[PDB]
Amino acid sequence: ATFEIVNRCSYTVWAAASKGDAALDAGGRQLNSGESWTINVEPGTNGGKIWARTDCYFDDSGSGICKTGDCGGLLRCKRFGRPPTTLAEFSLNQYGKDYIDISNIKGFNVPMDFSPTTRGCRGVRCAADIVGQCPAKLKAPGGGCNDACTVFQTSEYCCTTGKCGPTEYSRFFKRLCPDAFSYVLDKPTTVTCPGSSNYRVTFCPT
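Residues numbered from 1 in each chain as written, not as in the entry; some residues may be left out. Heavy atoms only, no water.

As recorded in the PDB header, X-ray crystallography is the method behind this entry, and the stated resolution is 1.49 Å.

Okay, structure coming up:
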């Protein structure tokens with residue numbers, strides 16, 4: 001599958017793509033404002049995620065730090081990133097279907113649109129000013145708006161027992177971005193697309 005990752009933000013982001021135990025494609029790259037990066041993701045990939053990282057410094061070896069979404073200090077991510085991170089999530093070629101969503105379960109850093117570029121399903125977007133509106137207790141100093149599980153580490157926010165409800169914090173994310181997951185047991189906003197669709201992820205779509 002082809003994903004085109006586009007940075008429409010006015011600032012540089014460092015895109016990342018991983019399935020948790022491995023990079024997808026090169027795993028990460030710098031995207032200046034307006035740049036597009038096309039990656040190829042193996043069919044059958046389950047549990048892939050794409051995100052943006054902000055305020056990164058890397059040396060010549062590709063080692064460094066980012067203020068949001070750092071993946072163990074590497075330019076080319078092999079593992080998932082540190083919250084807060086708006087997530088584009090996908091599982092491809094799962095019994096004939098691809099499944100895509102946007103998640104705020106690990107917080108929000110950059111607004112995102114995640115849309116197919118082929119026929120037969122709709123995209124999803126979370127483009128509200130979640131950072132500007134973020135509750136005081138969830139604001140991350142480095143930038144972004146943390147989820148409550150990251151901040152407070154309770155069974156209720158992290159849904160550790162597999163039973164949890166919505167919370168004042170989850171409802172914040174859900175009010176601003178209804179089409180994104182706000183907590184682990186949220187009513188799913190997954191979209192089902194034809195198997196082997198292609199996609200575009202746009203940072204700062206509006």
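(A) Layout of the UniProt feature "disulfide bond" in the protein. For the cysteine pair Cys 9 and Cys 204, annotated in UniProt as disulfide-linked, the sulfur atoms lie 2.0 Å apart, within bonding distance in this model. With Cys 9 in the loop between strand 1 (2-7) and strand 2 (13-18) and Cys 204 in the segment after strand 13 (199-203), this pair connects stretches of sequence that are 195 residues apart. The exposure classification of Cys 9 matches that of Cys 204, with both residues buried. In this model the UniProt disulfide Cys 126-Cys 177 is closed, its S-S distance of 2.0 Å falling under 2.5 Å. Here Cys 177 lies in the loop between helix 4 (168-176) and strand 11 (180-181) and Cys 126 lies in strand 10 (residues 124-126), a separation of 51 residues in the sequence. (Disulfide = S-S within 2.5 Å. UniProt positions renumbered as here; feature names shortened; annotations may be inferred. Helix = DSSP H or I, 4+ residues; strand = E, 2+ residues; numbered from the N terminus. Buried < 20%, exposed > 50% of the residue type's maximum accessible area, 1.4 Å probe, protein only.)

(B) Layout of the nonpolar core. Within the largest apolar cluster, 40 residues are counted, with the highest numbers of intra-cluster contacts made by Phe 3, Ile 50, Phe 90, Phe 114 and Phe 203. Core analysis: the second largest hydrophobic core is formed by five residues, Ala 16, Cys 71, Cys 77 and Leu 87 among them. (Core = buried A, V, L, I, M, F, W, Y, C linked by side-chain atoms within 4.5 Å.)

(C) Broad picture of the sheet that holds strand 9 (residues 112-116). The strand order 4-1-13-9-10 describes an open sheet built from five strands, whose pairing is mixed. On the outer flanks of this sheet lie strand 4 (36-40) and strand 10, each paired with one strand and no other. Ignoring strand direction, the axes of neighbouring strands in this sheet form an average angle of 15 degrees. Alignment of strand 9 against strand 13, held across five bridges, turns out to be antiparallel. Considered in strand 13, the bridge of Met 112 is made with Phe 203. (Pairing = 2+ DSSP bridges. Axes fitted to C-alpha atoms, helices over the stretch in contact; angles between N-to-C directions.)

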